[PDB]
Every structure is written in structure tokens, then in C-alpha cells.
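**Q** Going line by line, the protein sequences match chains B and Y.
First residue of the first sequence? That's 252 in the UniProt record's numbering, and the numbers climb one at a time after it.
First residue of the second sequence? That's 202 in the UniProt record's numbering, and the numbers climb one at a time after it.
We put the CB at the ideal spot given by N, CA and C, even for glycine.
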Amino acid sequence: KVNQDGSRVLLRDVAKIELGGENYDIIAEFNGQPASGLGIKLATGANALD
Amino acid sequence: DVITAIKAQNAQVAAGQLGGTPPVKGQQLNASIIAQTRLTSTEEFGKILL
């Protein structure tokens, strides 16, 4: 907005502009410690071993 | 005027959970909000503020 006294209301003054994630639904830790990872799955037919 | 009402009046909206996405310390109830959902009858349809 641009209030009557002509100041400025910008996001900073209403929204805490951070930088988090898409979801806060998956929380993972390795050995009780904070971590991420990827559940790499085997495509049909291909060799697990390869 | 009729069309553009059977739209608004009969639709399916969104509304997050209660916790889920990042909550506050020590919260306890997470539930799911259920806002506007489609009419299901000639009754409910008969009544539309035009």
C-alpha cells in the first residue's frame, strides 16, 4: 500500500520474508542427527546390483 | 447472472490443516478444515442467491 501520509507499507511490514521449503512434513535425522536423503528406487527390470 | 453463481455457490474450496505445515512449539491438535463443498441436491440448488 501507500498510506495517506504517503509513507510505504511493504511486505517487510506484514510478512516475515524468509526462505523455507515447500513442505514442512518430512523431517529426517541420521543417527539421531538432522539430515536429508533420497529414497532411490529400482526401475523395473534394471539390475539392483548395477 | 445465473451461470456465474451456480459457479461461486457450487464449488470446492481449500483450507489447510491446523498443525501440519510448520507449527508452533508444543502443539497438540492437528485437524483438517473443511470449508465450502459442492451442493448435492435440487433442494440446495433451488436456493441460490441470484
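If I'm right that residue 290/B touches residue 279/B with Cβ under 8 angstroms, what's the distance once you round it to whole angstroms?
**A** With a Cβ gap of about 10 angstroms, residue 290/B and residue 279/B do not count as contacting.
**Q** Leaving aside the five residues before and after residue 213/Y along the sequence, list all residues of the same chain whose C-beta is less than 8 angstroms from its C-beta, in chain order.
**A** The answer, listed in chain order, is 237, 238, 239.
**Q** Consider the Cβ of residue 155/Y: report whether some Cβ of chain B lies at a distance smaller than 9 angstroms.
**A** In this structure chain Y extends from 202 to 251, so residue 155/Y is not present and cannot be described.
**Q** May I have the straight-line CA-CA distance separating residue 202/Y from residue 235/Y, to the nearest angstrom?
**A** Approximately 27 angstroms between the Cα atoms of the pair.
**Q** The stretch 268–280 of chain B: which residues have C-beta closer than 8 angstroms to a C-beta of chain Y, in chain order?
**A** Within the stretch 268–280 of chain B, the residues whose Cβ lies closer than 8 angstroms to some Cβ of chain Y are 271, 274, 275, 276, listed in chain order.
**Q** Which whole runs of the alpha helix (DSSP H) in the stretch 212–247 of chain Y are 4 residues long or more, in chain order?
**A** Complete alpha helix (DSSP H) runs here, min 4: 243–247.
**Q** Compute the Euclidean distance between the alpha carbons of residue 256/B and residue 286/B, then round it to the nearest angstrom.
**A** Cα to Cα, residue 256/B sits roughly 49 angstroms from residue 286/B.
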